[PDB]
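Single chain ahead, written as structure tokens, the form deposited in one PDB entry.
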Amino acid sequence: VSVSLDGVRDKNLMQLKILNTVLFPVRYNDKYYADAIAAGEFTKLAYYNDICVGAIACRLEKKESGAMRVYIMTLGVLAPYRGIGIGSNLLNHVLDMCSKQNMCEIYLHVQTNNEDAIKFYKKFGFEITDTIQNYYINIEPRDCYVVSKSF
């Protein structure tokens, strides 16, 4: 699939906000957006068929060891454009960037009943490494897996 990726900045931020409003249940706060922009190459908008149709947004975090890791905050593709590889293109980009920028780990939280997502991330080498009950993945407490991949 021919996907064109662009960084997120003030000038195209509203594109990401629109995608999130369609894809995710509640308004994301301004620290999500600041963290996404600050994550650099790890946050991308996807363009296909001359339209912005998806995004991946990460936060970068420093561990006490000195090591660095990537947290996937959101990954999503608009419904009419799913199943043709755009979401895989976004995640492959981020995984490649983990290696290039010497990240030790990437991880995210997935609600425990979100079988589609667990299946999706395991295809890319992720594994469940923890279970957190009543985690605030959005605004309500939900049981979640920590889903991670080590480098």
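Only residues modelled in both forms are compared. Numbering starts at 1 and runs along the sequence shown. Think of the rigid core as the biggest set of C-alphas that the two forms share within 1.5 Å after superposition.
Form deposited in another entry: not shown, discussed below.
Of the residues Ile86, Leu108, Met103, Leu45, just one CA atom moves 2 angstroms or more between the shown form and the other one under rigid-core superposition; it belongs to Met103. The Cα shift for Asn138 between the shown form and the other one, taken after rigid core superposition, is 2 angstroms or larger. Taking 2 Å as the criterion, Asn29 does not count as shifted between the shown form and the other one: its C-alpha moves by less than this amount when the rigid core is aligned. Relative to the superposed rigid core, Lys62 undergoes a CA displacement of at least 2 Å between the shown form and the other one.
In contrast to the form presented, in the other form the C-alpha positions of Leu13 and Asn138 spread farther apart by 3 Å or more. In contrast to the form presented, in the other form the C-alpha positions of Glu140 and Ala38 spread farther apart by 3 Å or more.
Regions where at least three consecutive shared residues each shift by 2 Å or more at the C-alpha between the shown form and the other one, after core superposition, span 62 to 67, 101 to 103, 136 to 141.
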